[PDB]
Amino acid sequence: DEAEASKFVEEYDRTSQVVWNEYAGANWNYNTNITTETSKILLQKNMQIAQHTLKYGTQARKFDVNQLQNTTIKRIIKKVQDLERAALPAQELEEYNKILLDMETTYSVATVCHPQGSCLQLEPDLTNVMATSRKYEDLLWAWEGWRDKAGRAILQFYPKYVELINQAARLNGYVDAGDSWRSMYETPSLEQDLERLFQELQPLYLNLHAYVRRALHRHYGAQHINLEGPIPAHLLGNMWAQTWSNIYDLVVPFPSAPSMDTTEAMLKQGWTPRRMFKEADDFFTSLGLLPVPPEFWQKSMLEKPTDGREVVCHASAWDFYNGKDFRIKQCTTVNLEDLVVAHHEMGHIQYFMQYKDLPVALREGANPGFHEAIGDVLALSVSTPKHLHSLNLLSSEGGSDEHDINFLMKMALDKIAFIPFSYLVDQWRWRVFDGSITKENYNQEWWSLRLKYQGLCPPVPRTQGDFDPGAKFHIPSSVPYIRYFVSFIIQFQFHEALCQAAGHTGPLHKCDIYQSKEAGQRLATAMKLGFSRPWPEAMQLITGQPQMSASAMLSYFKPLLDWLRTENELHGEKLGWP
């Protein structure tokens, strides 16, 4: 009966608001103050939320969704039939929650120590070494040390984690946890769709890779860079070689068109983490989107605490499931990279505020990639010379073709370099979850994919005992990654569409949507849908068509593709590696 199903959804929504708000508070208190006591309370709230999930999920499974006529009620009930970890028997649920907490804690408190010297944390210390050192051996120490201290320490937990998350997935009707995660996109063609998008980005990536490889050969020396091989993974300015923009100074296309030191400008002008988030809030409200509430400024953790607390530094945005309390937790450093991250996080908050009035089961992005994309769209405009000049962080550039290619290169070092990384993380994990990669070859298969997709090699041979995926936050934290690949494709589709909505003409990369109410209205209409409809509808509302497409990203970077081809041809580069 339709009436029992409607009553059930109302009861689930009321009770879920209460329980999820309590869980979120305990999880926040642990993430912002890692102690034995906050850990104990969080594990207890894990059992409370599981009790609720089991009670309502068991009832949801007694409905035959095929006979429900209302499509919204049918959709909610179907989703509530997935108990996630609460499907596990009690003993295994306890073990799984403990493993998750132990992995997170281990990653978050790991340090790398000089002999009878100082000990460095990942944020900010090791991140700063990778961004700024130009000495092969110093970069190697940080890169190898982080893997030795974080990655190795996760290995003891990972096989049992895999066993238990897969067991939960099978108890929810999937074949393994990777099947469960992929299902979040409601797109049976997902694997082939993503493969086609990756292939379309290959001209740009291969050309970028060859050009950067030549520049690294010039700086690090011919004995350390093979012009026909993969690039050593510690030289790209980033711990994971996932974004390459910190080595811009080594690869500047037109050195006769120098660009301001944006970190020094932000520091000399007294920028603080609060100013960075205030700028993001202003960009959203300039589009007619919602301001964050006063409570956000009182409750958020916008910088690393100075009082000794251990915290989870990795930037994240939090919905407390009461329609009022939204927060960001980020160990913000004052630089342009973290200004972009601040916009990324503020986009999550915007999404939370836009869909706050839907049933909690529908309070998610259209798919996980849409959630990750919103803030990045605005950050594309923040990063333009027009906007940066308005913040006093760049000198006016006028229209110089040299400054234009320089700008495109800076953007490509983040956006294009990340495409193969973001593709490969879950190619690896899906094969772990399906059993085709075992603990016998975790690390070998990781490196096989780092080579295949990114064209990188480890600077030191790996040994039994190494577990380099464990040194990347999302692995021990059990956060899916393909969302970030989807995000980087679709954020350019959204930029293109919002630029058109704002009446921009001329090259896509010159567009700045600051203050466009037309652009904001497109985004708001899609975000208000939350997860109520399959994601092609939201895609259609923003862009006027329903597919994911690399055409917008390719259009944005077309001038750079042309420049890179001419430059690599002049130097005789052989694209790719064996």
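Note that residue numbering follows the sequence shown and begins at 1.
Taking only CA atoms, the mean B-factor in the PDB entry is higher for 63 to 71 than for the other of 521 to 529 and 63 to 71. In this entry, 284 to 292 shows the higher mean Cα temperature factor of the pair 451 to 459 and 284 to 292. As recorded in the entry, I34 carries the highest CA temperature factor of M539, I34, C511, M553.
Taking the deposited Cα B-factors for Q493, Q242, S381, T505, the highest one is held by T505. Among the modelled residues of its chain, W141 has a C-alpha B-factor that falls in the middle third according to the deposited record. When the CA B factors of the chain's modelled residues are split into thirds, the value for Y484 lands in the lowest one. Among all modelled residues in this chain, the alpha-carbon of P159 has a temperature factor (C-alpha) in the middle third. Sort the chain's modelled residues by C-alpha temperature factor and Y248 lands in the lowest third, per the entry. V341: CA B factor in the lowest third of modelled residues in this chain (values from the PDB entry).
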